[PDB]
file protein_31.txt (compact mmCIF, N, CA and C atoms)
# COMPACT_ATOMS: atom_id res chain seq x y z
N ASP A 10 48.76 -5.70 -23.40
CA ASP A 10 47.82 -5.23 -24.41
C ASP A 10 47.78 -6.23 -25.56
N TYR A 11 47.21 -7.39 -25.30
CA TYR A 11 47.26 -8.48 -26.27
C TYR A 11 46.42 -8.17 -27.50
N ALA A 12 45.27 -7.52 -27.32
CA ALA A 12 44.46 -7.10 -28.45
C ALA A 12 45.23 -6.13 -29.34
N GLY A 13 45.98 -5.23 -28.72
CA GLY A 13 46.82 -4.31 -29.48
C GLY A 13 47.89 -5.06 -30.25
N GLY A 14 48.46 -6.08 -29.59
CA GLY A 14 49.47 -6.91 -30.22
C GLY A 14 48.92 -7.59 -31.46
N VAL A 15 47.67 -8.03 -31.38
CA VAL A 15 47.03 -8.65 -32.54
C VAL A 15 46.90 -7.66 -33.70
N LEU A 16 46.50 -6.43 -33.39
CA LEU A 16 46.38 -5.39 -34.41
C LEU A 16 47.72 -5.19 -35.12
N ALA A 17 48.80 -5.16 -34.34
CA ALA A 17 50.13 -4.93 -34.92
C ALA A 17 50.49 -6.06 -35.87
N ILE A 18 50.14 -7.28 -35.49
CA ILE A 18 50.41 -8.46 -36.31
C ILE A 18 49.61 -8.40 -37.60
N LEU A 19 48.33 -8.06 -37.51
CA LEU A 19 47.51 -7.95 -38.72
C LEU A 19 47.98 -6.84 -39.64
N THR A 20 48.50 -5.75 -39.06
CA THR A 20 49.04 -4.66 -39.85
C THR A 20 50.21 -5.16 -40.69
N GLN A 21 51.11 -5.92 -40.07
CA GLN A 21 52.26 -6.46 -40.80
C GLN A 21 51.82 -7.44 -41.89
N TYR A 22 50.77 -8.21 -41.60
CA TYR A 22 50.27 -9.19 -42.56
C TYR A 22 49.67 -8.51 -43.78
N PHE A 23 48.81 -7.52 -43.54
CA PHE A 23 48.15 -6.82 -44.63
C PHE A 23 49.11 -5.98 -45.45
N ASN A 24 50.27 -5.66 -44.87
CA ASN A 24 51.28 -4.89 -45.57
C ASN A 24 52.36 -5.80 -46.18
N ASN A 25 52.08 -7.10 -46.18
CA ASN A 25 52.93 -8.10 -46.84
C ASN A 25 54.33 -8.15 -46.27
N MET A 26 54.46 -7.83 -44.98
CA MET A 26 55.73 -7.85 -44.25
C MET A 26 55.94 -9.23 -43.62
N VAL A 27 54.84 -9.84 -43.22
CA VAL A 27 54.83 -11.16 -42.59
C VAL A 27 53.86 -12.07 -43.32
N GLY A 28 54.27 -13.30 -43.61
CA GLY A 28 53.38 -14.23 -44.26
C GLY A 28 52.98 -15.38 -43.34
N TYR A 29 52.18 -16.28 -43.86
CA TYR A 29 51.90 -17.56 -43.22
C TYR A 29 53.05 -18.53 -43.51
N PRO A 30 53.48 -19.32 -42.51
CA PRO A 30 52.89 -19.53 -41.19
C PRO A 30 53.36 -18.57 -40.10
N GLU A 31 54.27 -17.64 -40.37
CA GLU A 31 54.75 -16.76 -39.29
C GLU A 31 53.61 -15.99 -38.63
N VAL A 32 52.71 -15.45 -39.45
CA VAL A 32 51.61 -14.66 -38.93
C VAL A 32 50.75 -15.50 -37.97
N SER A 33 50.57 -16.78 -38.27
CA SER A 33 49.71 -17.62 -37.44
C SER A 33 50.39 -17.97 -36.12
N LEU A 34 51.71 -18.13 -36.17
CA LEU A 34 52.49 -18.36 -34.96
C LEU A 34 52.45 -17.13 -34.06
N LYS A 35 52.56 -15.94 -34.64
CA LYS A 35 52.52 -14.71 -33.84
C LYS A 35 51.15 -14.58 -33.19
N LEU A 36 50.10 -14.87 -33.95
CA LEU A 36 48.73 -14.81 -33.38
C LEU A 36 48.54 -15.86 -32.30
N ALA A 37 49.10 -17.05 -32.51
CA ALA A 37 49.00 -18.10 -31.51
C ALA A 37 49.70 -17.69 -30.22
N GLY A 38 50.76 -16.90 -30.35
CA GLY A 38 51.45 -16.37 -29.19
C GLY A 38 50.52 -15.50 -28.35
N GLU A 39 49.76 -14.65 -29.03
CA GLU A 39 48.82 -13.78 -28.33
C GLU A 39 47.64 -14.56 -27.76
N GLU A 40 47.20 -15.57 -28.50
CA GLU A 40 46.12 -16.45 -28.09
C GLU A 40 46.43 -17.12 -26.74
N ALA A 41 47.68 -17.54 -26.58
CA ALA A 41 48.14 -18.16 -25.35
C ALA A 41 48.19 -17.16 -24.21
N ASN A 42 48.61 -15.93 -24.51
CA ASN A 42 48.63 -14.86 -23.51
C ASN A 42 47.22 -14.59 -22.99
N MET A 43 46.28 -14.52 -23.92
CA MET A 43 44.89 -14.26 -23.58
C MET A 43 44.32 -15.37 -22.73
N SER A 44 44.61 -16.61 -23.11
CA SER A 44 44.12 -17.77 -22.38
C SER A 44 44.71 -17.84 -20.97
N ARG A 45 45.97 -17.45 -20.84
CA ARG A 45 46.61 -17.45 -19.54
C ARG A 45 45.93 -16.46 -18.59
N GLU A 46 45.44 -15.35 -19.14
CA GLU A 46 44.81 -14.32 -18.33
C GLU A 46 43.30 -14.49 -18.29
N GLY A 47 42.82 -15.62 -18.80
CA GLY A 47 41.40 -15.94 -18.73
C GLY A 47 40.53 -15.10 -19.65
N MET A 48 41.15 -14.50 -20.66
CA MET A 48 40.41 -13.70 -21.62
C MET A 48 39.88 -14.59 -22.74
N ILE A 49 38.86 -15.39 -22.42
CA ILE A 49 38.37 -16.43 -23.32
C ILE A 49 37.71 -15.91 -24.61
N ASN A 50 36.90 -14.87 -24.51
CA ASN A 50 36.29 -14.27 -25.69
C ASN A 50 37.33 -13.85 -26.69
N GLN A 51 38.33 -13.13 -26.18
CA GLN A 51 39.42 -12.69 -27.04
C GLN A 51 40.22 -13.86 -27.59
N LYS A 52 40.49 -14.87 -26.76
CA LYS A 52 41.21 -16.05 -27.23
C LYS A 52 40.48 -16.70 -28.40
N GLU A 53 39.16 -16.85 -28.24
CA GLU A 53 38.35 -17.51 -29.25
C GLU A 53 38.33 -16.71 -30.56
N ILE A 54 38.34 -15.39 -30.45
CA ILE A 54 38.38 -14.54 -31.64
C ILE A 54 39.69 -14.75 -32.40
N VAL A 55 40.80 -14.76 -31.67
CA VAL A 55 42.10 -14.92 -32.34
C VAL A 55 42.25 -16.33 -32.92
N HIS A 56 41.70 -17.33 -32.24
CA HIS A 56 41.68 -18.69 -32.76
C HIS A 56 41.00 -18.71 -34.13
N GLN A 57 39.90 -17.97 -34.26
CA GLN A 57 39.21 -17.90 -35.55
C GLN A 57 40.06 -17.20 -36.60
N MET A 58 40.83 -16.20 -36.18
CA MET A 58 41.75 -15.52 -37.10
C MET A 58 42.76 -16.49 -37.65
N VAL A 59 43.33 -17.30 -36.76
CA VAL A 59 44.31 -18.30 -37.19
C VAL A 59 43.71 -19.30 -38.17
N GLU A 60 42.52 -19.80 -37.85
CA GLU A 60 41.81 -20.74 -38.71
C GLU A 60 41.53 -20.12 -40.08
N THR A 61 41.13 -18.85 -40.09
CA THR A 61 40.84 -18.15 -41.34
C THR A 61 42.06 -18.10 -42.26
N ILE A 62 43.19 -17.71 -41.70
CA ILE A 62 44.41 -17.62 -42.49
C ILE A 62 44.90 -19.02 -42.89
N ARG A 63 44.81 -19.97 -41.97
CA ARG A 63 45.28 -21.34 -42.27
C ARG A 63 44.47 -21.96 -43.41
N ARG A 64 43.15 -21.84 -43.34
CA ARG A 64 42.31 -22.49 -44.35
C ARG A 64 42.47 -21.89 -45.75
N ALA A 65 42.87 -20.62 -45.83
CA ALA A 65 43.09 -19.98 -47.13
C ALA A 65 44.48 -20.26 -47.66
N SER A 66 45.43 -20.50 -46.76
CA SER A 66 46.85 -20.56 -47.12
C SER A 66 47.40 -21.97 -47.28
N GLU A 67 47.04 -22.84 -46.34
CA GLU A 67 47.52 -24.22 -46.34
C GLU A 67 47.21 -24.99 -47.64
N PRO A 68 45.99 -24.86 -48.20
CA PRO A 68 45.73 -25.69 -49.37
C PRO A 68 46.46 -25.28 -50.65
N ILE A 69 46.92 -24.04 -50.75
CA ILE A 69 47.57 -23.56 -51.97
C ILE A 69 49.07 -23.41 -51.84
N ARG A 70 49.55 -23.66 -50.63
CA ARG A 70 50.95 -23.51 -50.30
C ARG A 70 51.84 -24.42 -51.15
N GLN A 71 52.94 -23.88 -51.67
CA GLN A 71 53.84 -24.64 -52.55
C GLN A 71 54.95 -25.32 -51.76
N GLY A 72 54.58 -25.90 -50.62
CA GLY A 72 55.55 -26.52 -49.74
C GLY A 72 54.93 -26.76 -48.38
N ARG A 73 55.79 -26.97 -47.39
CA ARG A 73 55.36 -27.25 -46.04
C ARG A 73 56.42 -26.80 -45.05
N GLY A 74 56.08 -26.79 -43.77
CA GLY A 74 57.06 -26.46 -42.75
C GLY A 74 57.14 -24.98 -42.43
N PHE A 75 58.30 -24.55 -41.96
CA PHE A 75 58.41 -23.26 -41.30
C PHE A 75 59.57 -22.39 -41.76
N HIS A 76 60.28 -22.80 -42.81
CA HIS A 76 61.40 -21.99 -43.28
C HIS A 76 61.29 -21.58 -44.74
N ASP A 77 60.31 -22.11 -45.47
CA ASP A 77 60.08 -21.61 -46.83
C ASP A 77 58.65 -21.80 -47.28
N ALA A 78 58.40 -21.50 -48.56
CA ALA A 78 57.06 -21.64 -49.13
C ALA A 78 56.00 -20.87 -48.33
N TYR A 79 56.30 -19.63 -47.95
CA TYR A 79 55.34 -18.84 -47.18
C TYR A 79 54.18 -18.42 -48.06
N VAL A 80 53.06 -18.09 -47.45
CA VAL A 80 51.92 -17.55 -48.19
C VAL A 80 51.62 -16.15 -47.67
N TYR A 81 51.93 -15.15 -48.47
CA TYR A 81 51.71 -13.76 -48.09
C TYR A 81 50.31 -13.30 -48.46
N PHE A 82 49.87 -12.20 -47.85
CA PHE A 82 48.51 -11.74 -48.10
C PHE A 82 48.30 -11.34 -49.55
N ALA A 83 49.08 -10.39 -50.07
CA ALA A 83 48.76 -9.90 -51.41
C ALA A 83 49.97 -9.75 -52.31
N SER A 84 51.15 -9.70 -51.71
CA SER A 84 52.37 -9.53 -52.49
C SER A 84 53.55 -10.23 -51.82
N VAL A 85 54.46 -10.79 -52.62
CA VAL A 85 55.63 -11.48 -52.05
C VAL A 85 56.81 -10.53 -51.98
N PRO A 86 57.28 -10.22 -50.77
CA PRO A 86 58.39 -9.29 -50.59
C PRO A 86 59.74 -9.90 -51.01
N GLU A 87 60.74 -9.06 -51.22
CA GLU A 87 62.01 -9.56 -51.75
C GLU A 87 62.83 -10.33 -50.71
N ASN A 88 62.40 -10.34 -49.46
CA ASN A 88 63.10 -11.12 -48.44
C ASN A 88 62.41 -12.45 -48.16
N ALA A 89 61.38 -12.76 -48.95
CA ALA A 89 60.67 -14.02 -48.81
C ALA A 89 61.54 -15.21 -49.20
N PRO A 90 61.37 -16.33 -48.51
CA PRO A 90 62.12 -17.55 -48.85
C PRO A 90 61.61 -18.20 -50.14
N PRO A 91 62.35 -19.18 -50.67
CA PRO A 91 61.97 -19.82 -51.94
C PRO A 91 60.54 -20.36 -51.93
N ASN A 92 59.90 -20.39 -53.10
CA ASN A 92 58.58 -20.97 -53.29
C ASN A 92 57.46 -20.26 -52.54
N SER A 93 57.71 -19.02 -52.12
CA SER A 93 56.66 -18.23 -51.49
C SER A 93 55.70 -17.69 -52.55
N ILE A 94 54.43 -17.60 -52.17
CA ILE A 94 53.36 -17.09 -53.02
C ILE A 94 52.50 -16.13 -52.23
N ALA A 95 51.54 -15.52 -52.92
CA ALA A 95 50.54 -14.72 -52.25
C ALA A 95 49.15 -15.30 -52.52
N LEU A 96 48.20 -14.95 -51.66
CA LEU A 96 46.81 -15.34 -51.87
C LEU A 96 46.31 -14.81 -53.19
N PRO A 97 45.45 -15.57 -53.87
CA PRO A 97 44.77 -15.07 -55.07
C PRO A 97 43.78 -13.97 -54.70
N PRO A 98 43.44 -13.08 -55.65
CA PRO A 98 42.57 -11.93 -55.37
C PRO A 98 41.29 -12.27 -54.60
N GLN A 99 40.59 -13.34 -54.98
CA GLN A 99 39.33 -13.67 -54.32
C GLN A 99 39.56 -14.08 -52.87
N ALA A 100 40.61 -14.85 -52.62
CA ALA A 100 40.98 -15.24 -51.26
C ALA A 100 41.41 -14.02 -50.45
N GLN A 101 42.10 -13.08 -51.09
CA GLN A 101 42.48 -11.84 -50.39
C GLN A 101 41.24 -11.16 -49.82
N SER A 102 40.23 -11.00 -50.67
CA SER A 102 39.00 -10.33 -50.25
C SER A 102 38.29 -11.07 -49.12
N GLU A 103 38.22 -12.40 -49.23
CA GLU A 103 37.52 -13.20 -48.24
C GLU A 103 38.25 -13.18 -46.91
N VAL A 104 39.57 -13.35 -46.95
CA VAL A 104 40.36 -13.34 -45.73
C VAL A 104 40.30 -11.97 -45.03
N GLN A 105 40.41 -10.89 -45.79
CA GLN A 105 40.43 -9.58 -45.16
C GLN A 105 39.08 -9.23 -44.56
N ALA A 106 38.00 -9.61 -45.23
CA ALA A 106 36.67 -9.30 -44.70
C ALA A 106 36.46 -9.99 -43.36
N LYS A 107 36.83 -11.26 -43.30
CA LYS A 107 36.66 -12.04 -42.08
C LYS A 107 37.57 -11.52 -40.98
N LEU A 108 38.83 -11.24 -41.32
CA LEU A 108 39.77 -10.74 -40.31
C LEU A 108 39.32 -9.37 -39.80
N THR A 109 38.74 -8.57 -40.68
CA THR A 109 38.27 -7.24 -40.27
C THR A 109 37.12 -7.39 -39.29
N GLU A 110 36.20 -8.31 -39.58
CA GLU A 110 35.11 -8.59 -38.64
C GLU A 110 35.61 -9.03 -37.29
N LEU A 111 36.61 -9.91 -37.31
CA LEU A 111 37.15 -10.46 -36.08
C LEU A 111 37.88 -9.37 -35.32
N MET A 112 38.62 -8.53 -36.04
CA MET A 112 39.33 -7.44 -35.40
C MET A 112 38.34 -6.47 -34.76
N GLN A 113 37.19 -6.24 -35.40
CA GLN A 113 36.18 -5.36 -34.82
C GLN A 113 35.67 -5.95 -33.51
N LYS A 114 35.47 -7.26 -33.48
CA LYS A 114 34.99 -7.88 -32.26
C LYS A 114 36.03 -7.71 -31.15
N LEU A 115 37.31 -7.84 -31.50
CA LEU A 115 38.38 -7.66 -30.51
C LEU A 115 38.44 -6.24 -29.99
N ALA A 116 38.32 -5.28 -30.91
CA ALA A 116 38.38 -3.87 -30.54
C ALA A 116 37.22 -3.54 -29.62
N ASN A 117 36.06 -4.16 -29.85
CA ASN A 117 34.91 -3.90 -28.99
C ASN A 117 35.08 -4.46 -27.58
N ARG A 118 35.85 -5.55 -27.46
CA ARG A 118 36.13 -6.14 -26.15
C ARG A 118 37.16 -5.33 -25.38
N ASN A 119 38.15 -4.80 -26.10
CA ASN A 119 39.21 -4.02 -25.48
C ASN A 119 39.48 -2.75 -26.27
N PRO A 120 38.54 -1.79 -26.23
CA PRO A 120 38.72 -0.58 -27.03
C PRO A 120 39.93 0.24 -26.57
N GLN A 121 40.18 0.33 -25.26
CA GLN A 121 41.33 1.10 -24.80
C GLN A 121 42.63 0.46 -25.31
N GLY A 122 42.69 -0.87 -25.28
CA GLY A 122 43.90 -1.57 -25.70
C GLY A 122 44.17 -1.38 -27.19
N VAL A 123 43.11 -1.42 -27.98
CA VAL A 123 43.30 -1.24 -29.42
C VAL A 123 43.63 0.21 -29.77
N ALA A 124 42.98 1.15 -29.09
CA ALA A 124 43.26 2.58 -29.30
C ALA A 124 44.72 2.89 -28.97
N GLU A 125 45.22 2.28 -27.91
CA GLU A 125 46.61 2.49 -27.51
C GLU A 125 47.55 1.97 -28.58
N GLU A 126 47.19 0.85 -29.21
CA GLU A 126 48.03 0.33 -30.27
C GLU A 126 47.98 1.27 -31.47
N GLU A 127 46.80 1.81 -31.76
CA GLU A 127 46.70 2.76 -32.87
C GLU A 127 47.57 4.00 -32.59
N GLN A 128 47.59 4.43 -31.33
CA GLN A 128 48.45 5.54 -30.91
C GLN A 128 49.93 5.18 -31.07
N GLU A 129 50.30 3.98 -30.63
CA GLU A 129 51.68 3.52 -30.72
C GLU A 129 52.12 3.38 -32.18
N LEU A 130 51.22 2.91 -33.03
CA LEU A 130 51.54 2.75 -34.45
C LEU A 130 51.82 4.11 -35.10
N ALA A 131 51.15 5.14 -34.60
CA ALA A 131 51.39 6.50 -35.08
C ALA A 131 52.60 7.10 -34.38

call {"tool": "encode", "arguments": {"input": "protein_31.txt", "output": "structure tokens"}}
result
Amino acid sequence: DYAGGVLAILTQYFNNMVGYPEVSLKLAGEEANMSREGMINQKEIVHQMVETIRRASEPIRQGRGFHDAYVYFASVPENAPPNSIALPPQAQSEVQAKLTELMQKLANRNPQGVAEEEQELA
């Protein structure tokens, strides 16, 4: 249920549990799963999700690499590594609108898979 997996990842991101680049790596994991099973439409949607988060996060990031300077969606949690920040309010709105559109496209491709994730989340 790769589409469901994507929903779970976005839930953690929007709840400031996971930041960039971790969120993009998790999405890339699902992207590879989709591509392996020939789910190209879904793969392309998740690729756009990754690009959306990368383009908003990479230019304002106070560092580089994979162990610090994370960029969280709206708030920096107390377990964040040094030099972590959150997106500015305008970027928050732009990123969420685009991700919501992309998530809708995914849900439309695999409604049973996304519904199951919503059930599992509950």

call {"tool": "axis_aligned_box", "arguments": {"input": "protein_31.txt", "around": "region 107-112 of chain A", "padding_each_side": "3 Å", "output": "JSON"}}
result
{"center_x": 37.4, "center_y": -9.3, "center_z": -39.0, "size_x": 10.7, "size_y": 11.6, "size_z": 14.5}

call {"tool": "closest_residue", "arguments": {"input": "protein_31.txt", "among": "A:78, A:35, A:69, A:118", "to": "residue 50 (chain A)", "atoms": "only N, CA and C atoms"}}
result
A:118

call {"tool": "closest_residue", "arguments": {"input": "protein_31.txt", "among": "A:125, A:10, A:110, A:103", "to": "residue 61 (chain A)", "atoms": "all atoms listed in the file"}}
result
A:103

call {"tool": "closest_residue", "arguments": {"input": "protein_31.txt", "among": "A:90, A:100, A:29, A:107", "to": "residue 74 (chain A)", "atoms": "only N, CA and C atoms"}}
result
A:29

call {"tool": "residues_around", "arguments": {"input": "protein_31.txt", "residues": "residue 128 (chain A)", "least_positions_apart": "3", "cutoff": "12 Å", "atoms": "only C-alpha atoms", "output": "PyMOL selection string"}}
result
chain A and resi 13+16-17+121-125+131

call {"tool": "closest_residue", "arguments": {"input": "protein_31.txt", "among": "A:48, A:130, A:106, A:83", "to": "residue 66 (chain A)", "atoms": "only C-alpha atoms"}}
result
A:83

call {"tool": "atom_distance", "arguments": {"input": "protein_31.txt", "atom1": "CA of residue 71 (chain A)", "atom2": "atom N of residue 26 (chain A)"}}
result
18.4 Å

call {"tool": "closest_residue", "arguments": {"input": "protein_31.txt", "among": "A:63, A:32, A:54, A:91", "to": "residue 20 (chain A)", "atoms": "only C-alpha atoms"}}
result
A:32

call {"tool": "atom_distance", "arguments": {"input": "protein_31.txt", "atom1": "atom N of residue 119 (chain A)", "atom2": "atom C of residue 11 (chain A)"}}
result
9.0 Å

call {"tool": "atom_distance", "arguments": {"input": "protein_31.txt", "atom1": "atom N of residue 92 (chain A)", "atom2": "atom C of residue 73 (chain A)"}}
result
10.9 Å

call {"tool": "closest_residue", "arguments": {"input": "protein_31.txt", "among": "A:55, A:36, A:64, A:25", "to": "residue 84 (chain A)", "atoms": "all atoms listed in the file"}}
result
A:25

call {"tool": "select_by_dssp", "arguments": {"input": "protein_31.txt", "residues": "region 17-119 of chain A", "states": "alpha helix (DSSP H)", "output": "PyMOL selection string"}}
result
chain A and resi 17-23+31-45+49-66+98-118

call {"tool": "residues_around", "arguments": {"input": "protein_31.txt", "residues": "residue 51 (chain A)", "least_positions_apart": "3", "cutoff": "8 Å", "atoms": "all atoms listed in the file", "output": "MDAnalysis selection string"}}
result
chainID A and resid 12 39:40 43:44 47:48 54:57 114:115 118

call {"tool": "residues_around", "arguments": {"input": "protein_31.txt", "residues": "residue 80 (chain A)", "least_positions_apart": "6", "cutoff": "5 Å", "atoms": "all atoms listed in the file", "output": "mmCIF file with N, CA and C atoms, in the frame of the given file"}}
result
data_model
loop_
_atom_site.group_PDB
_atom_site.id
_atom_site.type_symbol
_atom_site.label_atom_id
_atom_site.label_comp_id
_atom_site.auth_asym_id
_atom_site.auth_seq_id
_atom_site.Cartn_x
_atom_site.Cartn_y
_atom_site.Cartn_z
ATOM 1 N N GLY A 28 54.270 -13.300 -43.610
ATOM 2 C CA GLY A 28 53.380 -14.230 -44.260
ATOM 3 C C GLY A 28 52.980 -15.380 -43.340
ATOM 4 N N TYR A 29 52.180 -16.280 -43.860
ATOM 5 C CA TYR A 29 51.900 -17.560 -43.220
ATOM 6 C C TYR A 29 53.050 -18.530 -43.510
ATOM 7 N N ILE A 94 54.430 -17.600 -52.170
ATOM 8 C CA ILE A 94 53.360 -17.090 -53.020
ATOM 9 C C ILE A 94 52.500 -16.130 -52.230
ATOM 10 N N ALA A 95 51.540 -15.520 -52.920
ATOM 11 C CA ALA A 95 50.540 -14.720 -52.250
ATOM 12 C C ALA A 95 49.150 -15.300 -52.520
#

call {"tool": "build_atoms", "arguments": {"input": "protein_31.txt", "residues": "region 14-28 of chain A", "atoms": "N, CA, C and O atoms", "output": "compact mmCIF listing (two decimals), keeping the file's coordinate frame"}}
result
# COMPACT_ATOMS: atom_id res chain seq x y z
N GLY A 14 48.46 -6.08 -29.59
CA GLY A 14 49.47 -6.91 -30.22
C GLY A 14 48.92 -7.59 -31.46
O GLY A 14 49.62 -7.73 -32.47
N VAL A 15 47.67 -8.03 -31.38
CA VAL A 15 47.03 -8.65 -32.54
C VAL A 15 46.90 -7.66 -33.70
O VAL A 15 47.18 -8.02 -34.85
N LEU A 16 46.50 -6.43 -33.39
CA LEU A 16 46.38 -5.39 -34.41
C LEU A 16 47.72 -5.19 -35.12
O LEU A 16 47.77 -5.08 -36.35
N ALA A 17 48.80 -5.16 -34.34
CA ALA A 17 50.13 -4.93 -34.92
C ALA A 17 50.49 -6.06 -35.87
O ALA A 17 51.05 -5.81 -36.94
N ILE A 18 50.14 -7.28 -35.49
CA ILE A 18 50.41 -8.46 -36.31
C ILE A 18 49.61 -8.40 -37.60
O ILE A 18 50.14 -8.63 -38.68
N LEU A 19 48.33 -8.06 -37.51
CA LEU A 19 47.51 -7.95 -38.72
C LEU A 19 47.98 -6.84 -39.64
O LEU A 19 47.89 -6.95 -40.86
N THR A 20 48.50 -5.75 -39.06
CA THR A 20 49.04 -4.66 -39.85
C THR A 20 50.21 -5.16 -40.69
O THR A 20 50.29 -4.90 -41.89
N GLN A 21 51.11 -5.92 -40.07
CA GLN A 21 52.26 -6.46 -40.80
C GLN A 21 51.82 -7.44 -41.89
O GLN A 21 52.42 -7.50 -42.96
N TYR A 22 50.77 -8.21 -41.60
CA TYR A 22 50.27 -9.19 -42.56
C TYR A 22 49.67 -8.51 -43.78
O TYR A 22 50.00 -8.84 -44.92
N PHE A 23 48.81 -7.52 -43.54
CA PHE A 23 48.15 -6.82 -44.63
C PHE A 23 49.11 -5.98 -45.45
O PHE A 23 48.81 -5.63 -46.59
N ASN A 24 50.27 -5.66 -44.87
CA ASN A 24 51.28 -4.89 -45.57
C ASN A 24 52.36 -5.80 -46.18
O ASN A 24 53.40 -5.32 -46.62
N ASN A 25 52.08 -7.10 -46.18
CA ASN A 25 52.93 -8.10 -46.84
C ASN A 25 54.33 -8.15 -46.27
O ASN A 25 55.29 -8.47 -46.97
N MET A 26 54.46 -7.83 -44.98
CA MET A 26 55.73 -7.85 -44.25
C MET A 26 55.94 -9.23 -43.62
O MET A 26 57.07 -9.69 -43.45
N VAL A 27 54.84 -9.84 -43.22
CA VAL A 27 54.83 -11.16 -42.59
C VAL A 27 53.86 -12.07 -43.32
O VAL A 27 52.75 -11.67 -43.63
N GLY A 28 54.27 -13.30 -43.61
CA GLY A 28 53.38 -14.23 -44.26
C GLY A 28 52.98 -15.38 -43.34
O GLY A 28 53.39 -15.43 -42.19
